[PDB]
Amino acid sequence: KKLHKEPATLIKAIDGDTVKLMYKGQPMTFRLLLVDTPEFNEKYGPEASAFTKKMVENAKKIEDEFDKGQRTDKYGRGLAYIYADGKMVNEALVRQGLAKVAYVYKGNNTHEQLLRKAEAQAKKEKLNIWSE
Ligand SMILES: Cc1cn([C@H]2C[C@H](OP(=O)(O)O)[C@@H](COP(=O)(O)O)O2)c(=O)[nH]c1=O
Ligand SMILES: [Ca+2]
């Protein structure tokens, strides 16, 4: 079983780890897989929100990639990896210490090792959430 990115259409960025897509012609919230950004009113929340917003809004295009397992969560949100001009937003947040690796469920964990490699680098550099 292989993962494949597909073309996506942005309506708007919502916060650090959620975006609104026009998915098959319906507005739908997507939650980024394997990451957790702070809430806007928590430390680094505004920064994570603005980093995801600039990355998706300013991209020439965005793509979504489901993993192998559940595609929608218990709140109806789609669960995907999101790419902006080919760069994974989920990884970039982690690499900048603006999200933690989190919500790792077996069966939607394809990019776990990639993301924990990014988090280890953000922790070594003491970035943001990991700053001292
Ligand atoms: C990332 C992700 C979150 N979730 C759920 C778990 C958390 O629900 P509960 O705590 O209600 O159990 C919720 C966290 O989302 P937010 O971080 O967007 O608040 O989203 C999944 O079910 N699957 C996922 O892959
Ligand atoms: Ca969150």
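Residues numbered from 1 in each chain as written, not as in the entry; some residues may be left out. Chains lettered and ligands numbered in written order. Heavy atoms only, no water.

A. Representation of the UniProt feature "binding site: Ca(2+)" in the protein chain within the structure. In the numbering adopted here, UniProt assigns the feature "binding site: Ca(2+)" to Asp 17, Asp 36 and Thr 37. Sequence-wise these annotated residues cover 21 residues; spatially they are packed, their C-alpha atoms never more than 6.6 Å apart. Set against the largest pocket, the annotated residues that line it come down to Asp 17, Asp 36 and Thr 37. Looking at the element boundaries, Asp 17 is found in the loop between strand 2 (10-15) and strand 3 (18-23). The buried category is assigned to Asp 17, whose relative accessible area is 5%. If near-sequence neighbours (up to four positions away) are discounted, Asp 17 is found in contact with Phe 30, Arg 31, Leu 32, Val 35, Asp 36 and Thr 37. Looking at the element boundaries, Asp 36 is found in strand 5 (residues 35-36). On the basis of relative accessible area, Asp 36 is assigned to the partly exposed category, the value being 28%. (UniProt positions renumbered as here; feature names shortened; annotations may be inferred. 1 Å grid on protein atoms, 1.4 Å probe; cavity = no way out; pocket = protein on both sides within 12 Å on 5 of 7 lines; lining within 4 Å. Helix = DSSP H or I, 4+ residues; strand = E, 2+ residues; numbered from the N terminus. Buried < 20%, exposed > 50% of the residue type's maximum accessible area, 1.4 Å probe, protein only. Contact = heavy atoms within 4.5 Å.)

B. Focus on the site of ligand 1. Residues in close proximity to ligand 1 include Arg 31, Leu 32, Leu 33, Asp 36, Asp 73, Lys 74, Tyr 75, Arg 77, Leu 79, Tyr 103 and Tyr 105, which together make up its full environment. One of the side-chain nitrogen or oxygen atoms of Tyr 75 is found 2.4 Å away from an oxygen atom of ligand 1. In the environment of ligand 1, an oxygen atom lies 2.7 Å from a nitrogen or oxygen atom belonging to the side chain of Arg 77. Contact with the protein chains covers 74% of the free accessible surface of ligand 1, which is 560 Å². A class-by-class count of the residues in the shell around ligand 1 yields six nonpolar, no polar and five charged. (Near = heavy atom within 4 Å. Polar contact = N/O pair within 3.5 Å; in protein donor to acceptor, adjacent residues only side chain to side chain. Areas by Shrake-Rupley, 256 points an atom, 1.4 Å probe, with all protein chains shown as cover. Nonpolar A, V, L, I, M, F, W, Y, C, P; charged D, E, K, R; others polar.)

C. The environment of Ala 92, seen in detail. Summarising the element assignment, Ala 92 is placed in helix 2 (residues 89-95). Put simply, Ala 92 and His 4 are 88 residues apart on the chain and 19 Å apart in space, counted from C-alpha to C-alpha. If we skip the residues at most four places from it in the chain, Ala 92 touches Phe 51 and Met 55.

D. A look at helix 3 (residues 112-124). The terminal C-alpha atoms of helix 3, which comprises 13 residues, lie 18 Å apart, in line with the 18 Å expected from a rise of 1.5 Å per residue. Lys 126 lies just past helix 3 and shows a positive phi near 60°. (Expected span 1.5 Å × (residues − 1).)

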